[PDB]
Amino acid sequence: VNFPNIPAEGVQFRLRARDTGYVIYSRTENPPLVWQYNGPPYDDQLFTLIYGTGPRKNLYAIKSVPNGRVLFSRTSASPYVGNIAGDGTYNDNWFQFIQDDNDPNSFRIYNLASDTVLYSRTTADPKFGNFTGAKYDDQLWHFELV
């Protein structure tokens, strides 16, 4: 079931992992351009959503406030999770926010094109990335309204 509290189009937020408490950033300098961070608020941690319509109904593009690039999640080449300019030109720029089966307050950031979810962990490298498989708690996220 879709997460029932998805921010309105244009509303700004951070994406913070439930368990690690790390946030996603999306920048233009110093690859990897998309990763996780444990520290103070910076603008490259700020996103809004582009609402999908038509074939993209119930999907969203995740767009950087400062640089305007949207996130992508793919399995075909490195980097697997990255950014690209536009408003969701490519199918792997589109995400579904799927409510957790157990914790109604969190969701997975799911990619239809690549059948992956994003994760954040403190354990094995790579500690941030995408994943196709069983549901684990390190795949759970919050919208943190700013």
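The first residue of the shown sequence is 1; numbering continues from there.
Asker: Going by the B-factors listed in the PDB entry, is the mean over the C-alpha atoms higher for 95-103 or for 75-83?
Answerer: Between 75-83 and 95-103, it is 75-83 that shows the higher mean C-alpha B-factor.
Asker: Between 40-48 and 60-68, which has the larger average Cα B-factor in the PDB entry?
Answerer: Mean C-alpha B-factor is greater for 40-48.
Asker: Between 26, 53, 111, 89, which one tops the list for C-alpha B-factor in the PDB entry?
Answerer: Going by the entry's C-alpha B-factors, 53 comes out highest.
Asker: Check where residue 30 lands among this chain's C-alpha B-factors and tell me if it's the lowest, middle or highest third.
Answerer: Its C-alpha B-factor belongs to the highest third of this chain's values.
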